[PDB]
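So the structure is just underneath, and the comments pick up after that.
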Amino acid sequence: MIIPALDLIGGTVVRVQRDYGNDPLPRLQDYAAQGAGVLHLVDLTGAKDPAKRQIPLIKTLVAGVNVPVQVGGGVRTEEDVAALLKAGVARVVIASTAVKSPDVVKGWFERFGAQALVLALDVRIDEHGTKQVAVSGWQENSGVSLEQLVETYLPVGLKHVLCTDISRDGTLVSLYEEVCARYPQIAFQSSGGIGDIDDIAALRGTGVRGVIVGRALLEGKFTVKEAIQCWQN
């Protein structure tokens, strides 16, 4: 699947920052109308301060489409996960906390179930060619490989992993081929490097299950319909 994505700050759709207006619901509705089966939202306001999580907006957006939405941004605690799910979110995207407190997050898998959680990892390919996990693009590596972290959560039934390459020069394959083959029981999602329709074609044979597409849709490079037609060949 193609997974169309929006970043939201204070109700505004933004490109990573260019203002793309305050109409997220009609945009999402049109993504769904074109065949998207899953949508992705990042709450940048909540990422900066969990106390300001955009729950009312998220409720509205989820209510306004007919497809599951995965939502990330400032998911620090069990309470955060629960509040997002209560608001109607299908899956909660766990990022830095999955790196910083694995024993705690393993407990979340036990409580909420693996179908409700997506682990989002930023990866840098280092000098030796190791897939190093980092909590963000502006922080140093955290001293754990993608494989090591995946294998930490497999015993609690990990099913969804979102992988962003934050070391790559330019737009978009070997990385995804490798990890997908190694953990066929996990559905990997790719994020980043989609600049045109050919970048989606590039991922088709890799084993990647989901392709997150954000900026390219906002910039009018191609439509969700075209993306899906390409992805399905």
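All of the numbers you see were taken from the coordinates with simple rules; none came from a lab. Here the Cβ positions follow ideal geometry from the backbone for every residue, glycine too, while neighbour counts run over all protein chains shown.
Return the sequence-ordered ³J(HN,Hα) values of segment 69-84 in whole Hz as given by the Karplus equation 6.51 cos²θ - 1.76 cosθ + 1.60 applied to θ = phi - 60°, using x for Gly and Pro.
My calculation for segment 69-84 gives 10, 9, 10, x, x, x, 8, 9, 10, 4, 4, 4, 4, 4, 5, 5 Hz in order.
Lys/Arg Cβ at +1, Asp/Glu Cβ at -1, dipole of the chain taken about the Cα centre: which of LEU162, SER174, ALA114 is farthest positive-ward?
Highest projection toward the positive end goes to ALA114.
Please give the FRET efficiency for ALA51 paired with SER174, using the beta carbon to beta carbon distance and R0 = 41 Å, rounded to the nearest 0.05. Walk me through the numbers on the way to the answer.
On the way: r = 41 Å, r/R0 = 1.00.
It comes to 0.50.
Provide the percentage of antiparallel DSSP beta bridges, counting only those with both residues in the chain; round to the nearest 5.
25
From the cross-link list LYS48/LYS131; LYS52/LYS159; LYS100/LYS225; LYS52/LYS225; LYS106/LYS131, which pairs have alpha carbons spaced over 32 Å apart?
The pairs that break the limit, which is 32 Å between Cα atoms, are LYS100/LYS225; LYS52/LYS225.
Output wanted: per-residue J couplings in Hz (rounded whole) for segment 152-162, from phi through Karplus 6.51 cos²θ - 1.76 cosθ + 1.60, θ = phi - 60°, x for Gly and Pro.
5, 9, 3, x, 9, x, 2, 10, 10, 10, 10
If you rank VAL211, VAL144, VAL150 by fewest surrounding Cβ atoms within 10 Å, what's the result? List each step's numbers first, then the result.
Working: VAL211 25, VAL144 16, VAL150 21.
With the sparsest Cβ surroundings first, the list reads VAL144, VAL150, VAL211.
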